[PDB]
């Protein structure tokens, strides 16, 4: 194989952490604490029940990632997949990889009757999101989110 999308492996840890740092910085202004983030990526790599990373590789080099978590629906007897992140290495942009990754996940959902939907949440201030997702046949839902701020 020359180009493929595959499930992440444990030794993708530091590349996935790097990509997530770059993503949070580029998109949300954030400089993530690398100890916290690396722990968080490692915990997800070690527990398939928490979600999954897939990576896009070119002659074995990891150049992009997409991450999703699960929400079990009792009412529907299956999981929604919740897409939480996507990042493409700057050297490999404008080549369709973002869409390859989303379409790969769409196919996973379509081909698994144990997956009942595919969702994500994004900041309302993100100007470009509606058009990006529209292009992928993803449309805005009729829900509001609420949160309680936990403090320890």
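Residue numbers count along the first chain shown, from 1.
**Student:** So which stretch wins on mean C-alpha B-factor, 55 to 63 or 23 to 31?
**Tutor:** Taking the mean B-factor of the alpha carbons in each, 23 to 31 is higher.
**Student:** Of 79 to 87 and 112 to 120, which one has the bigger average CA B-factor?
**Tutor:** Between 79 to 87 and 112 to 120, it is 112 to 120 that shows the higher mean C-alpha B-factor.
**Student:** Lowest, middle or highest third of the chain for the C-alpha temperature factor of residue 16?
**Tutor:** Lowest third of the chain for residue 16's C-alpha B-factor.
**Student:** Hey, what third does residue 100 fall into on Cα B-factor, ranked over its chain?
**Tutor:** Middle third of the chain for residue 100's C-alpha B-factor.
**Student:** Taking the C-alpha B-factors as the PDB entry records them, is residue 46 in the lowest, middle or highest third of its chain?
**Tutor:** It falls in the middle third of the chain.
**Student:** Where does residue 7 sit by CA temperature factor within its chain: lowest, middle or highest third?
**Tutor:** As the PDB entry reports it, the C-alpha B-factor of residue 7 lands in the middle third of its chain.
**Student:** Which third, lowest, middle or highest, does the CA B-factor of residue 147 fall in along this chain?
**Tutor:** As the PDB entry reports it, the C-alpha B-factor of residue 147 lands in the lowest third of its chain.
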